[PDB]
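Single chain ahead, written as structure tokens, the form solved without ligand ZIT.
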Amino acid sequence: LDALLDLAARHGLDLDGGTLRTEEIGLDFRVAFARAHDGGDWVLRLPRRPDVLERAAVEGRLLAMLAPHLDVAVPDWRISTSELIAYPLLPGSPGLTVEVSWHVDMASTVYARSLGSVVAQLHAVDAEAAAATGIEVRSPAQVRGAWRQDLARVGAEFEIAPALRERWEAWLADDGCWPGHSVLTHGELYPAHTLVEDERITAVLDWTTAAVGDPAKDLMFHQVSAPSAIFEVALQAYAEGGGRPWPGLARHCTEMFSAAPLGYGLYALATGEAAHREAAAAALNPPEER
């Protein structure tokens, strides 16, 4: 426990012991919240394994370019080592906690107007400069072919219900759903990474999943959660800020969300734990309703 403060002190950040709090449940990083002697709030990301350092390396280079381009705050890494990532605690409360406690209702026009503005600014940023950070880059042809390749990989290792496959086969063949341009995307945009103050976004956490690809990636969860008119509030703010949404985008987000079992299937293959393919096989092949 006190080794954390020696670890923090070794990197020139003397924190108060009594104010230190742990958030141990995290997979990649064990997260700690602290107050310094100066009064500043600090977030400690302690890498659990060496595997997490590569995406943390790409993230730091992506955050260094990103801060000037967004109105909302983004983690300002001031310490990035093999032992600790430390940035000042960003303002705002999360829109989501995990039991399951929400802090912003998805039917809020204020949050929808905020999301569409943040996403539009993120997507407006030059992709070639974003690519130099080392993130994944996929053209509009490659984002669509990726799902084609993902379906083949999962369908080769898991039995898949025809009701689900046929829906995704129909989703992959419908030209109207698919984007014609690629942008810089957050990759996992949902309220748990959206810090809010009076239902307005003030900072965006966690950019490990950032990549150049489908613009609908960062709008999907809102499309799936919010009422139809509320999602067009976000789309209106998205368009007025430079976003270029296509008519079949809302359907595309719903179809993409129904393909989450494909994501669980790819995860269980890289992970290998039998419980993680227990749930993937159950998602890709649901039993009979009784």
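Each form is matched to the other, and the largest set of C-alpha atoms that superpose within 1.5 Å is called the rigid core. All residue numbers are counted from 1 along the displayed sequence. Residues that one form lacks are left out of the comparison.
Visitor: Counting only residues that lack coordinates, how big is the gap in the deposited sequence between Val98 and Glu99? Pick none, 1 to 3, 4 to 9 or 10 or more.
Guide: In the record, 4 to 9 residues between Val98 and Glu99 lack coordinates.
Visitor: Averaging C-alpha B-factors over each stretch, which comes out higher, 84 to 92 or 178 to 186?
Guide: Averaging CA B-factors over each stretch, the winner is 84 to 92.
Visitor: Test of understanding: from the entry's C-alpha B-factors, which stretch has the higher mean, 38 to 46 or 51 to 59?
Guide: Averaging CA B-factors over each stretch, the winner is 38 to 46.
Visitor: Based on what the PDB entry reports, which of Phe257, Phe33, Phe231, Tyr238 has the top C-alpha B-factor?
Guide: Highest C-alpha B-factor among the listed options: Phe33.
Visitor: Among the choices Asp150, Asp218, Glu159, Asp76, identify the one whose CA B-factor in the record is greatest.
Guide: The listed residue with the largest C-alpha B-factor is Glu159.
Visitor: Based on the deposited C-alpha B factors for this chain, I'd like to know if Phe29 is in the lowest, middle or highest third.
Guide: For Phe29, whose C-alpha B-factor we compare with every modelled residue in the chain, the answer is the highest third.
Visitor: Quick check on the deposited entry: does the C-alpha B-factor of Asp206 sit in the lowest, middle or highest third of its chain?
Guide: It falls in the middle third of the chain.
Visitor: Of the three thirds of its chain by CA temperature factor, lowest, middle or highest, which one includes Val196?
Guide: For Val196, whose C-alpha B-factor we compare with every modelled residue in the chain, the answer is the highest third.
Visitor: Should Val72 be placed in the lowest, middle or highest third of its chain by the C-alpha B factor in the entry?
Guide: Top third by C-alpha B-factor.
Visitor: Lowest, middle or highest third: which one holds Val104 when the chain's residues are ordered by CA B-factor from the entry?
Guide: As the PDB entry reports it, the C-alpha B-factor of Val104 lands in the highest third of its chain.
Another form exists, deposited with ligand ZIT bound; not displayed. Remarks below refer to it.
Visitor: Is the gap between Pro68 and ligand ZIT in the deposited bound form 4.5 Å or less for some heavy atom pair?
Guide: Looking in the deposited bound form, residue contacts with ligand ZIT include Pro68, since a heavy atom lies within 4.5 Å.
Visitor: Indicate whether ligand ZIT has at least one heavy atom within 4.5 Å of a heavy atom of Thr202 in the deposited bound form.
Guide: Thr202: yes, in contact with ligand ZIT in the deposited bound form.
Visitor: Any chance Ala34 has a heavy atom within 4.5 Å of ligand ZIT in the deposited bound form?
Guide: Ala34: contacts ligand ZIT in the deposited bound form.
Visitor: Check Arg10 for me: does it contact ligand ZIT in the deposited bound form (non-hydrogen atoms, 4.5 angstroms)?
Guide: Heavy-atom contact with ligand ZIT at 4.5 Å: absent for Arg10.
Visitor: So, a 4.5 angstroms cut-off on heavy atom distances: do all three of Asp51, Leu53 and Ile85 pass it with respect to ligand ZIT in the deposited bound form?
Guide: Checked in the deposited bound form: no contact with ligand ZIT for any of the three.
Visitor: Can you pick out, from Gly155, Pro91, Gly134, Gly145, the residue that has a heavy atom within 4.5 Å of ligand ZIT in the deposited bound form?
Guide: That would be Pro91.
Visitor: Tell me, out of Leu151, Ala211, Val72, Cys177, which residue has a non-hydrogen atom within 4.5 angstroms of ligand ZIT in the deposited bound form.
Guide: Selected residue: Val72.
Visitor: For the chain shown here without its partner, which stretch in 72 to 80, 156 to 164, 169 to 177, 126 to 134 has non-hydrogen atoms within 4.5 angstroms of ligand ZIT in the deposited bound form?
Guide: Partner-contacting stretch among the options: 72 to 80.
Visitor: Within 1 to 22, which residues have a heavy atom closer than or equal to 4.5 Å from ligand ZIT in the deposited bound form?
Guide: Contacts from 1 to 22: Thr19, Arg21.
Visitor: Considering only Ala67, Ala260, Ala229, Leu27, which residue exhibits a C-alpha shift of no less than 2 Å between the shown form and the other one, with the rigid core used for superposition?
Guide: The displaced C-alpha is that of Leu27.
Visitor: Report the shifted segments between the shown form and the other one, defined as three or more consecutive common residues with all CA displacements of at least 2 angstroms relative to the rigid core fit.
Guide: Core-superposed, just one run shifting 2 Å or more comes out: 17 to 27.
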